[PDB]
Chemist: 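The structure follows.
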Amino acid sequence: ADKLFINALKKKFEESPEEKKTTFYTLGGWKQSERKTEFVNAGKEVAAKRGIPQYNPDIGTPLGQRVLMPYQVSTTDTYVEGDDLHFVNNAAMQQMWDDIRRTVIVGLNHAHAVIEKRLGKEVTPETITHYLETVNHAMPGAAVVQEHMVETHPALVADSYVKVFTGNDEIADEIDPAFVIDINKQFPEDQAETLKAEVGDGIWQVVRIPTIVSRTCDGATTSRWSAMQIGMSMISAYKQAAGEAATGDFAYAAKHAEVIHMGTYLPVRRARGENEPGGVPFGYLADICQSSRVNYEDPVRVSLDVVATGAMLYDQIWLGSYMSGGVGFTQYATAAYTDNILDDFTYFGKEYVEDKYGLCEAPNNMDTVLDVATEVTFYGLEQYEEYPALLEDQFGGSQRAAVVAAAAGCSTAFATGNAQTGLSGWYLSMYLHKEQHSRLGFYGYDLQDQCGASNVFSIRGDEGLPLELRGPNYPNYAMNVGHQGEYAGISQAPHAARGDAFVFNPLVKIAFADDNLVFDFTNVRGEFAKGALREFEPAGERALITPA
Amino acid sequence: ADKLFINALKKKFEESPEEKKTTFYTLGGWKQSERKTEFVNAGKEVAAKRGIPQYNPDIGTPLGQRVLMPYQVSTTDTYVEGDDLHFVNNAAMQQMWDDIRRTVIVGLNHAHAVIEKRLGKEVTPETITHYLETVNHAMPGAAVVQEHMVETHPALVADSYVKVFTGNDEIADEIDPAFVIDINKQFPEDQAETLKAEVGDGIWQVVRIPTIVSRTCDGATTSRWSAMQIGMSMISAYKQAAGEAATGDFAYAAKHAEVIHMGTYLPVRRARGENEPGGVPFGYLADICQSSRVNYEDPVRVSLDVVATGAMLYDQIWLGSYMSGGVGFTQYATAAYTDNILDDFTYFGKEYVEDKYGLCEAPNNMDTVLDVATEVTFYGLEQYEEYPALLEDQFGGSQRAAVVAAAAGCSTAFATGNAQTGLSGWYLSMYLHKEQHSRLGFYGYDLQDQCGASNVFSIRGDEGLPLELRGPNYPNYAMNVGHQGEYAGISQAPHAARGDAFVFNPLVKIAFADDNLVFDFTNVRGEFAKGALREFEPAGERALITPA
Amino acid sequence: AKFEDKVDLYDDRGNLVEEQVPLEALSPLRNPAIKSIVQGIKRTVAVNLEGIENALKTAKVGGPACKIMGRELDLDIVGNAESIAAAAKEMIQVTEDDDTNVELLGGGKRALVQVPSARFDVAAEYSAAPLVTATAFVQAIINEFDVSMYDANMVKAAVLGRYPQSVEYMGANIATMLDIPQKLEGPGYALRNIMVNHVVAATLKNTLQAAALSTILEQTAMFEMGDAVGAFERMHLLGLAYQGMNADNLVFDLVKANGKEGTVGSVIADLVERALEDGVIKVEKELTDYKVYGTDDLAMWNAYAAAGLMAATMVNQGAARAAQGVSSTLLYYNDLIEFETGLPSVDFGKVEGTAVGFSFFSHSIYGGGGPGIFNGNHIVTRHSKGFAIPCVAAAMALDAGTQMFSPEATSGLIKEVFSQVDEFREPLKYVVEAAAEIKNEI
Amino acid sequence: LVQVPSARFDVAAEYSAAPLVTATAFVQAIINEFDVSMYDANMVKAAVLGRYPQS
Amino acid sequence: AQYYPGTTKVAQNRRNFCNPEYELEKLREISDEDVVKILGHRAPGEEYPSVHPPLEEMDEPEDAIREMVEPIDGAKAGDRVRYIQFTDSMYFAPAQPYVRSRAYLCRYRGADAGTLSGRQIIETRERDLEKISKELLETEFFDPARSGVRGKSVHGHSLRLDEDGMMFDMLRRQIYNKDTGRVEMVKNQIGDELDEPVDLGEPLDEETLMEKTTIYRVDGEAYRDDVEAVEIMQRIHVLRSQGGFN
Ligand code: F43
Ligand code: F43
Ligand SMILES: C[C@@H](OP(=O)(O)O)[C@H](NC(=O)CCCCCCS)C(=O)O
Ligand SMILES: O=S(=O)(O)CCS
Ligand SMILES: O=S(=O)(O)CCS
Ligand SMILES: [Mg+2]
Ligand SMILES: [Mg+2]
Ligand SMILES: [Mg+2]
Ligand SMILES: [Mg+2]
Ligand SMILES: [Mg+2]
Ligand SMILES: [Mg+2]
Ligand SMILES: [Mg+2]
Ligand SMILES: [Mg+2]
Ligand SMILES: [Zn+2]
């Protein structure tokens, strides 16, 4: 059959994808593009309205001396110019981040123990349901105790709410179902039994604060906002004095002793509080993506949907804005989720390992790393040499390094069932690619690449960690594009080949199995395409409180 | 003439303001209120669409057993319910913070030294204008060097731009005036001469990044985004290699050696990066507010426009959401900017000081502190005793403590010309108030108050600082409502009475003297009223990229 | 001596031990037992070998609820604890005959580790204690079982947690009384970021010892912060002596006189009468039926009022056997004594102000928690310069079981290990003995 | 050139006693040299150690 | 002890609430069962719940302070810590928020008192709380029109009075009976209906409210005219100021 990227290449260029020559300079520059023409026109309108020059195609060098390409969003039939995948221009990408930033997981286990021991009161499915009706009024910013309170407009905060989950089916049955993330409905039977065993009789809240508040403020607001309104709803639903010594134990539990933040705080050179992208470990990003519970008979689809989630968040929004900004890093990320290119390479690797070893059957050792990562690295590089249009599409070396090494690393982990040997395969792919083509990425691309082999199996203080615990603050990874989202995919890969329900934290996996989110985490690449087409409806807008 | 608050009291209640008795329980609860009725309807629509209960007026206790009051925005004739002053429901309040968060001041002095001394190229007003045309293309997120760049939609980022200012009038007048904040046009003559003497021959950029980016990301994105696009425009406008050793000097100068953040980063318990509200010192907040260059004939009006700016940002958005959340702290802040109440008390104190000493003529000592702060505290407290409708309006003791002490501390500093004796007068006011009424504020209100007198003139490590340098991270001030925006007013008070052009940083003062900002910093209470009326048009919305 | 003052020193049973000790013999700058406690705190680590083994066997590493399926490793660490600890000790020590200590507890389930003082004299700070301990145990476990290169990173995750993706050792199975340097609220604060429940656990709930350990740590931080330099030094030293060391038996005698039936107010009356009897205060002015007191020695007035504040805590929270009201005692002991006398309260209002915020943040929705989870580096309780937190430690020592976040809930690993160390558990004894020893060198 | 005594560090957790003890000794020596008043002394503190502890 | 400076009736009243030798005037009689019902923590005939075992069952380690300090009775039993909370009108209620916390820590053992503008609370062991609560409810600490027992929804200290002279209550826990001139408590302090209302007696008349109040106001005795109490507040300000400097 055709390689999986052939249809996209045939859409981009008039030539067949094998052809070695083309003609340039005759497309009229920016005038070849619908989207650049929209931007030229809008720049002139902006600059006149405000009295300061702004977008002008004649400043600097003239874009479009070659074809400005469409991109196919992988797994879709949607083709868009790359500007429609820039996070500023894509409301689905912005919403994906807002839905992670505004979520926290908050136990009720300590809180129910303070109620039974210090207060001497009962907790039952009934009192939990009453509490959940109360906190679903309070959480978006409405009052339950004081007179003369002024409140948030419910329709500005319609995306904020609180659900619960538990491994105990007979409570999950007894609590009103509007408030419950039902594990048995959301997960196939084997994954549901794993997840229920991990949670056991614990009961956990999934709290989503309003997108408009997250956008006004920051990620470190989320667990505070959540705990204020859990605290008011525990006082209202359980009949406390409205502010007694026991009220402090609910605050400490909701803010510190039973909270799970999506990201941990950062060191001062990159100072940020909790629930910012740099604090989200790679294992959590794979568990936030919900492809694992829908596409479980296809470990390549599950792993590549995690790569798309992480390349967009960590390279476009995090490295390309929070840690830099400007035009940013759209296409360093799009290489990992367009034109079915990473998909072709990773399906080759999966077939190679299923035929040679069987998934999860290969020895977990350096012999397996050398075999699989070298075979898949040579396959992916051969495609750029056989298809000139593929090399002109992924024109930057860094884009090619990340795609070829992601396929090599994921394939290695599909063989071993262990993410650490998949990570060693990622670094070996970089070293082979650098020698094959006498180039790799941009000036700084392989800082982590050259520390990489030596730090995969180190045990020292700031070196040693399983890949699932690493993230954008692991020291070697803290600066550079074209790695972080691919590492999230390698973290997912052995767990998708094993059939595991989660990669690192089962509470995080269950917390995003929820159709009341704005973004659909079961189909991340489909959502990116809907946002690119201007068809996604985000939360957070101010239209209701601004003129027509 | 009547006390300044009388008209508002007559609008709120049917009784005369001196009347001690009224009627409760017969107003139909929430049904008395247009705004609560809009919220009940919207809660039914939100819960029906999403399948989870949300706002319900029957959860917890029944609002409106007493009159739910309108509030006059002080200095205006606009009366709104207090929900319209919640920051979630007020687009002008969100934009005021977005305009601060997304600004950074960045010198060109080191940069121009790098060009002359290291690249050996000349800098003139013409080369500065060519660089400014280039950076106003690049700063919103558009390309100047590479082929096949994908860019931000110009109309989504229309609020981002770069201007400059200098104290050398003849250099200012040679740069194209579309890019120049003209000190002589924006400031009265004596303040213009003070500011231009401070700046001298220095040349400074004021960079504003896009509101849609600041909402997606955080404050610590601002100086990075600014530096990336300054760096690209220095490459393009002065013909560097696109990435040579000298490129790193422009990065270090724009990101560290000549950058002025609006806020400094915070310690880990309240971890946040730069340009968050807690890092903004009180003297910078007074300088951001632009009342000083318009209402300089009236030091009371200048001081109380700074109190409105700080009470909204520090209590409503910072303490009430970043540091807590929920229903939050609208009316803890509205007490300082509604009903003309703080205005009545602070005009009284100004007149008292004019009669007894003359502005800025009193001895800067404790005898002046004791005289003026005691006199003004007893005037304010007598008003709540003489007018029962005034006490029912400012029903919380914290609200009254912050209003009385702000008038007492501003009036002490009008007498001495020095903010530190103003601050000692604020603390004495709280001690007298607490003994007069046997109450002061909420449970934790006077932590800083009781530490307050001893720490005014301390010189120790984490105790001693002039008030202008303190801010929301000064240790005793880091937690509690009803102080920080009033301290920004006390820091403004002596400088408005002296006719000083700025309080703490002349570059911050000039940087907000710009009618290209989205919020109008010269009339902060007017803009709060416009947002309450749903008449303010914010930047950052996604309407262009979402369904029609 | 720079100061003329002398004090009499007692044991925790109210008996005199040493009379007429120059005040500077109790200074953290001079007293060698304070030096040994502080260096001990810097270098001591608790290792939970059972916890390490269970994290490995279940693959539950990297923080709450985290697990990596397929990474499980079943290692007999507690069954081979002796060999593992000896191998760690040979990497931790500098020489054979230094002051390194590695001691098994609980049948090998825990280890007390004291890293050699010498690694600190060539270090900037104190993080060598957990980082040298953690690597020596990770390497000793790998070497005991010949753990492969492919699996060894799980041992590291089970010992030190999610660090360095997290800034803290998130999920670690080692513990220290200090916390990481990045969490300081200001430079010089590290001896203040020691949870009150860890001081009460170390001292086995002995009220006077918990108050003395807390005061030695708080007032030694005052020197490191520069607060006890120059004009303020004598104030700080008299606070240490009178509020934390029961100087002159003042605290003990107030508690003895008010323990059966007294209240905060009855303690205040006795302390004002004692100050007057000793000449620390005197009547300056008569108003109408009200005496205004003055003092020619504000540091000594402050110290006597500080001893009364500690005694008032012990009477009020001791009577309830419930620690929560310490926030109230810290507020109203100081508020009442200023309207009783016309003189300023402890720390010139800073205890009262710390107590206002502490009360709010131990009875509200906004933050804080029970008394036991505060410390001198917590934003709510950093404001008084050493005169508030020791009272919170005495109150939690006196709590009979009212707290959910008790020392048994938060500090069990710290209790097992750090109460083994005699100068941590019983500091009042050692600092008294040392002050007597150097008394003629001041 | 100021070298704070070694004994202050053998009773400290870390190294901040060097700037903190130096700063306060110079701030107090300047206030004592000129008899700077209670009302003005906070400016000496600001000129020695800056915007700490707001920063 | 002196307690408080000043030469007004308000000053003397503040000293009398603090002085444990001053006998608080008893204004009304309330049964033990009705104090339990108003508190709302347990039903009459329900045993005291425990938060920990009795102290005798604990056998704790030798500690001179524990041995010197007698536990209150509820501490020996292991009782829960529970509360009672009051709101006081600024229209001349007899007790006011700081006057309560100051007086409670002079009069009562083992007490956690908190002051706010619109509420004041004491928390202690349950059986001792019931003994203290009888005295707070029966004496001149309390007036049934200008003070309210309120564990939540406390608004009213700063509101205008209704046409009966009653403070506002969002939850209407205290109802004035025009036929008797007496107030009934119809709900417990957290707002749940009582099976049978509790008589709280007649509101104090205006003359007696002025005799007994501890708030200073221009229409009663103003603080600015109690020049000896203002002198001591100003002295404390100046002495704290100078102490913090040098
Ligand atoms: C000025 C630099 C040096 C530097 O610090 N950053 C630059 C420029 C910067 C700008 C370019 C925008 C503009 O044109 O105004 C931005 C978009 C970042 C920003 N400020 O928004 C960017 N690079 Ni660069 N940069 C990229 C890349 C690259 C590749 C391009 C090689 C090629 O053959 O075309 C090379 C590095 C390499 O050789 O490996 C590169 C270099 C360079 N990169 C050279 C300019 C190269 C030139 O003169 O043409 N980037 C890429 O390899 C692909 C992704 C692409 C980024 C935009 C996106 O992700 O969509 C962009 C990312
Ligand atoms: C539960 C607490 C304890 C606590 O930790 N926070 C509370 C409640 C919290 C909630 C109340 C929302 C709700 O009703 O659901 C919020 C809005 C914070 C949030 N979670 O969004 C709030 N307080 Ni409170 N809180 C306030 C105030 C106050 C005043 C109210 C006194 C009165 O007589 O009405 C008193 C403190 C005092 O007595 O000084 C107070 C107490 C209390 N405050 C008591 C409840 C009092 C009661 O039972 O009625 N607040 C105020 O004094 C004014 C501003 C007002 C805040 C809302 C705004 O600023 O608009 C609100 C700020
Ligand atoms: C004390 C501290 O909370 P923790 O004790 O650390 O949970 C802190 N909150 C606050 O200071 C809350 C301030 C805003 C709400 C109270 C305003 S009066 C914080 O979240 O960092
Ligand atoms: O050319 S560089 O490697 O410096 C940057 C690539 S975006
Ligand atoms: O009642 S509390 O003072 O704890 C809170 C005021 S919002
Ligand atoms: Mg051809
Ligand atoms: Mg959808
Ligand atoms: Mg010219
Ligand atoms: Mg007069
Ligand atoms: Mg305008
Ligand atoms: Mg006595
Ligand atoms: Mg006499
Ligand atoms: Mg009786
Ligand atoms: Zn944001």
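Residue numbers start from 1 in every chain, and the chains themselves are labelled A, B, ... in the order their sequence lines are given, proteins ahead of strands.
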Chemist: Under a 3.5 Å distance rule, please check whether C/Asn197 uses its side chain to pair with a backbone N or O of C/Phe405 as donor and acceptor.
Modeler: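 Yes, the answer is positive, given that a donor and an acceptor are paired below the 3.5 Å cut-off.
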
Chemist: Please report the closest heavy-atom contact between E/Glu70 and E/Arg109, naming both atoms and the distance.
Modeler: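 So the two residues come closest at O-NH1, 2.9 Å.
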
Chemist: Should A/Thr127 and A/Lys121 count as side-chain neighbours, where that means a heavy-atom distance under 4.5 Å?
Modeler: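 In short, these two side chains do not touch, never coming nearer than 4.5 Å.
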
Chemist: Would you indicate whether E/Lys187, at its atom NZ, is surrounded by more than 12 heavy atoms from other residues, nucleotides or ligands within a distance under 6.0 Å?
Modeler: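 Enclosed: over 12 neighbouring heavy atoms sit under 6.0 Å from NZ of E/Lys187.
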
Chemist: Quick one: does any side-chain atom of B/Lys434 pair with a main-chain N or O of E/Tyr98 as donor and acceptor, under 3.5 Å?
Modeler: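 Checking the backbone N and O of E/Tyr98 against the side chain of B/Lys434, no donor-acceptor pair under 3.5 Å is found.
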
Chemist: Let me know which of E/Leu129, E/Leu137, E/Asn188 forms a side-chain contact (heavy atoms from CB on, under 4.5 Å) with E/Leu39.
Modeler: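 Output: one option passes, namely E/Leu129.
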
Chemist: Within the 3.5 Å criterion, strictly below it, is a donor on C/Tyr332 or E/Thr115 matched to an acceptor on the partner's side chain?
Modeler: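 Looking only at side-chain atoms, E/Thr115 and C/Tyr332 do form a donor-acceptor pair, the distance falling under 3.5 Å.
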
Chemist: Salt-bridged, C/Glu340 to E/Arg102, with N to O below 4.0 Å?
Modeler: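 Salt bridge flag = no for E/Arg102 with C/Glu340.
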
Chemist: Measuring only between side-chain heavy atoms, which start at C-beta, is C/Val392 closer than 4.5 Å to C/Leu330?
Modeler: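 Heavy-atom side-chain distance check passes, below 4.5 Å.
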
Chemist: Between E/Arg127 and E/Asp73, is there a salt bridge with N-O shorter than 4.0 Å?
Modeler: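 Salt bridge: no.
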
Chemist: What's the separation between atom CG in E/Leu171 and atom CZ in E/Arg173, rounded to the nearest 0.5 Å?
Modeler: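 Nearest 0.5 Å value for the CG-CZ distance: 4.0 Å.
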
Chemist: Walk me through whether E/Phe141 and E/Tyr104 qualify under ring pair (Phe, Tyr, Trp, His ring centres under 6.0 Å).
Modeler: CA-CA 11 Å; E/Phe141 272 111; E/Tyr104 289 9; 5.8 Å; yes

Chemist: List the atom of C/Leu254, the atom of C/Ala311, and the distance in Å for their closest heavy-atom pair.
Modeler: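 What the structure gives for the nearest pair is CB-CB, 3.6 Å.
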
Chemist: Taking the side chain from A/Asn109 and the backbone from A/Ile203, do they hold a donor-acceptor pair closer than 3.5 Å?
Modeler: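 Yes, the answer is positive, given that a donor and an acceptor are paired below the 3.5 Å cut-off.
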
Chemist: Looking at E/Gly118, is its backbone amide N or carbonyl O close enough to the side chain of E/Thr87 to form a donor-acceptor pair, meaning the two atoms are under 3.5 Å apart?
Modeler: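 Yes, because the side chain of E/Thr87 sits within donor-acceptor range (under 3.5 Å) of the backbone of E/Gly118.
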
Chemist: Do the rings of B/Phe442 and C/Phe360 sit parallel, tilted or perpendicular, given the 30° and 60° boundaries?
Modeler: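 Rings of B/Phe442 and C/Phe360: perpendicular, as their planes differ by over 60°.
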
Chemist: I'd like to know if E/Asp34 and E/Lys37 make a salt bridge, using a cut-off of under 4.0 Å between side-chain N and carboxylate O.
Modeler: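 Result for this pair is yes, salt bridge flagged.
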
Chemist: Less than 4.0 angstrom from a charged side-chain N to a carboxylate O is my criterion; do E/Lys152 and A/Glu244 meet it?
Modeler: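 Looking at A/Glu244 together with E/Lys152, the answer is no, because their closest N to O distance does not fall below 4.0 Å.
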
Chemist: Look up atom CD in E/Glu193 and atom CG in E/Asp195, then write down how far apart they are to the nearest 0.5 Å.
Modeler: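 Separation between the atoms: 11.5 Å.
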
Chemist: Please check: side-chain N/O of C/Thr207 versus main-chain N/O of C/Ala397, any donor-acceptor pairing under 3.5 Å?
Modeler: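 Checking the backbone N and O of C/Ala397 against the side chain of C/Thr207, no donor-acceptor pair under 3.5 Å is found.
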
Chemist: Taking atom CD1 of E/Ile38 and atom CG of E/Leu194, what is their separation to the nearest 0.5 Å?
Modeler: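 E/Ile38 atom CD1 to E/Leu194 atom CG measures 7.0 Å (nearest 0.5 Å).
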
Chemist: Could you report the tightest heavy-atom contact between E/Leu55 and E/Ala75, atom names first, then the distance?
Modeler: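 In terms of heavy atoms, the two residues are closest at CG-O, 3.3 Å.
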
Chemist: If you take the centroid of each ring, where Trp contributes its six-membered ring, are A/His110 and A/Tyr252 closer together than 6.0 Å?
Modeler: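 That pair fails the under 6.0 Å test.
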
Chemist: Count the heavy atoms of every other residue, nucleotide or ligand shown that sit under 6.0 Å from NZ of E/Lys134, and state whether that count exceeds 12.
Modeler: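 Atom NZ in E/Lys134 is crowded, with more than 12 foreign heavy atoms closer than 6.0 Å.
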
Chemist: Specify whether C/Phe374 and C/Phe358 have parallel, tilted or perpendicular ring planes, treating 30° as the upper limit for parallel and 60° as the lower limit for perpendicular.
Modeler: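 Ring orientation, 0 to 90° scale: perpendicular.
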
Chemist: Shortest non-hydrogen contact from C/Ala312 to C/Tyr333?
Modeler: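 Smallest heavy-atom distance, with atoms named: CB-CD1, 3.6 Å.
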
Chemist: Give me the ring orientation class for E/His41 and E/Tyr83: parallel if the planes are under 30° apart, tilted from 30 to 60°, perpendicular past 60°.
Modeler: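 Answer is perpendicular, since the angle exceeds 60°.
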
Chemist: Among side-chain atoms of C/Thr402 and C/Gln324, is any donor-acceptor pair under 3.5 angstrom?
Modeler: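 No.
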
Chemist: Between E/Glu23 and E/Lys26, does any side-chain N to carboxylate O distance fall below 4.0 Å?
Modeler: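 Salt bridge: no.
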
Chemist: Closer than 4.0 angstrom, basic N to acidic O: yes or no for E/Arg66 and E/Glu60?
Modeler: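 Salt bridge between E/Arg66 and E/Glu60, a charged N being under 4.0 Å from a carboxylate O: yes.
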
Chemist: Ignoring hydrogens, what is the shortest heavy-atom contact between E/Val35 and E/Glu130? Give both atom names and the distance.
Modeler: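 Of all heavy-atom pairs spanning E/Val35 and E/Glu130, the closest is CG1-O, 3.8 Å.
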
Chemist: Could you tell me if the side chain of B/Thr61 sits less than 4.5 Å from the side chain of A/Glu147, heavy atoms only?
Modeler: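 No; the side chains remain at least 4.5 Å from each other.
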
Chemist: How long is the gap from CD1 on E/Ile84 to CD1 on E/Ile121, to the nearest 0.5 Å?
Modeler: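 Here the interatomic distance stands at 10.0 Å.
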
Chemist: Can the positive tip of E/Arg14 be found less than 6.0 Å from the middle of the six-membered ring of E/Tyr3, inside 45° of the ring normal?
Modeler: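 No, cation not above the ring by the 6.0 Å, 45° rule.
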
Chemist: Would you mind reporting whether C/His363 and E/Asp112 have side-chain heavy atoms less than 4.5 Å apart?
Modeler: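 Sidechains of C/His363 and E/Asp112: in contact.
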
Chemist: Sub-3.5 Å donor-acceptor pair from the side chain of E/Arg28 to the main-chain atoms of E/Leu200, do we have one?
Modeler: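 Yes; at least one donor-acceptor contact below 3.5 Å.
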
Chemist: So, for E/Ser101 and E/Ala113, which heavy atoms are closest and what is the spacing to 0.1 Å?
Modeler: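 Distance-wise, the nearest heavy atoms are OG-CB, 3.7 Å.
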
Chemist: Do NZ/NE/NH1/NH2 and the carboxylate oxygens of B/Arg439 and E/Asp88 come within less than 4.0 Å?
Modeler: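 Salt bridge absent between B/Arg439 and E/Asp88.
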
Chemist: Report the C-alpha distance between C/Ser411 and C/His198 in whole Å, list the side-chain angles of each, state the deciding distance to 0.1 Å, and finish with yes or no for side-chain hydrogen bond (donor to acceptor under 3.5 Å, both in side chains).
Modeler: CA-CA 6 Å; C/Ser411 305; C/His198 293 352; 2.8 Å; yes

Chemist: Check whether E/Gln174 reaches the backbone of E/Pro144 with its side chain - one donor and one acceptor, N or O, closer than 3.5 Å.
Modeler: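 Yes; at least one donor-acceptor contact below 3.5 Å.
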
